[PDB]
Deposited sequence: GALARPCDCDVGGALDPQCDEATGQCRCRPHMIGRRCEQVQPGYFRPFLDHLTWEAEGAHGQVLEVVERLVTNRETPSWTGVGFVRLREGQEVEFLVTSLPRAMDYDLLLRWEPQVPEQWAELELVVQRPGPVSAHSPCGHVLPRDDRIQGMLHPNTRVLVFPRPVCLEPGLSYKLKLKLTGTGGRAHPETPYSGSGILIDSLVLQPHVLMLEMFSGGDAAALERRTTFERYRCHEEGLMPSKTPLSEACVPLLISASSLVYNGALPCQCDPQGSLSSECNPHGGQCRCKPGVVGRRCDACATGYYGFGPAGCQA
């Protein structure tokens, strides 16, 4: 009997008529709006990734890396950028899904043993934050954040999140002020991970919210976002990420598989990977693998 619509996938908490159908956000389906529509996907917590090697600004050395039969690369894009003391990388960030806090993850790889580094991140906005926006509380101190890279890691979560808004273009500047050990550092990318625990499905006061919050933290579901590799999560994480993603993105996103590079318009509904032709890479199968050429109907060749 009970409605029990999806807290994330449906608009109202109760069903209509005697069909038991809920009102769904865009491209969520099922009687309770609990399923992603074929042709659409729920994004991974690290969907919003900007490659260091795609960055504008001062000329920096690109360090390419080849995929080996080992599979499971530890980087994305062609590889990395080598950043030395005093140099800066500019990430041009646009098209964010929602006005909320994002945690900043810097993915990197050291060049000497026991390597540490000191960094400064500055958020540059296209105007003053408005009093009526969810980011209206932001002040200048909130938009400059220091971070330290520690030995034996490949990702840093900066110690404070940033509040960013949809429909706007930002420039996030990353400066390396010092690095040593006992040729600089390699930077892979910057990831903007939505801080989904602030959503009411978790942060609310009701018993149902407290349970979701407890489960999310116990199984550390937020770790999906840390690295390119995706190791299977506890099954308990799955419906929580489906619901949280629907609330961030307003339902599910269209796959947008590249017509030439993909075998199909239909991508994986968890994370959105398209099925690539030989020699093709990228979520949308829209680039040649490194060392391959000739993007077209057949794929790419070495």
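Peer 1: Numbering the deposited sequence from 1, which residue ranges have no coordinates here?
Peer 2: Coordinates drop out over 1 to 4, 187 to 195.
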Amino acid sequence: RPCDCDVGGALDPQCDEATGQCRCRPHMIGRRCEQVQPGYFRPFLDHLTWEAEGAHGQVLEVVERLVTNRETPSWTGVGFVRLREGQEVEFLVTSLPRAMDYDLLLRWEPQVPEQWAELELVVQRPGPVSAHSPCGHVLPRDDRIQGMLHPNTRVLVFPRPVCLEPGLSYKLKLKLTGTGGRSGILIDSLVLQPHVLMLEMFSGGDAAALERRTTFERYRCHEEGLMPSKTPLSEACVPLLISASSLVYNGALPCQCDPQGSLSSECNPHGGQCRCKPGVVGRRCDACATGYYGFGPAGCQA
From here on, numbers count along this sequence of modelled residues.
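Peer 1: Higher average CA B factor in the deposited record is what I'm after, so tell me if that's 284 to 292 or 20 to 28.
Peer 2: Mean B over CA atoms: larger for 20 to 28.
Peer 1: So which stretch wins on mean C-alpha B-factor, 202 to 210 or 222 to 230?
Peer 2: The recorded data point to 202 to 210.
Peer 1: Between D103, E114, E165, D142, which carries the biggest CA temperature factor in the record?
Peer 2: Max CA B-factor in the entry, restricted to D103, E114, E165, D142: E114.
Peer 1: Going by the entry, which of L241, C255, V248, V59 has the most elevated CA B factor?
Peer 2: Max CA B-factor in the entry, restricted to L241, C255, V248, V59: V59.
Peer 1: In terms of the CA temperature factor given in the entry, to which third of its chain does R182 belong: lowest, middle or highest?
Peer 2: Its C-alpha B-factor belongs to the highest third of this chain's values.
Peer 1: Is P259 in the lowest, middle or highest third of its chain when residues are ranked by C-alpha B-factor?
Peer 2: Its C-alpha B-factor, which the entry lists for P259, ranks in the highest third among residues of this chain.
Peer 1: Comparing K277 with the other modelled residues of its chain, is its CA B-factor in the lowest, middle or highest third?
Peer 2: Middle third.
Peer 1: Taking the C-alpha B-factors as the PDB entry records them, is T49 in the lowest, middle or highest third of its chain?
Peer 2: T49: CA B-factor falls in the lowest third of its chain.
Peer 1: Would the CA B-factor of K173 place it in the lowest, middle or highest third of its chain?
Peer 2: Lowest third of the chain for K173's C-alpha B-factor.
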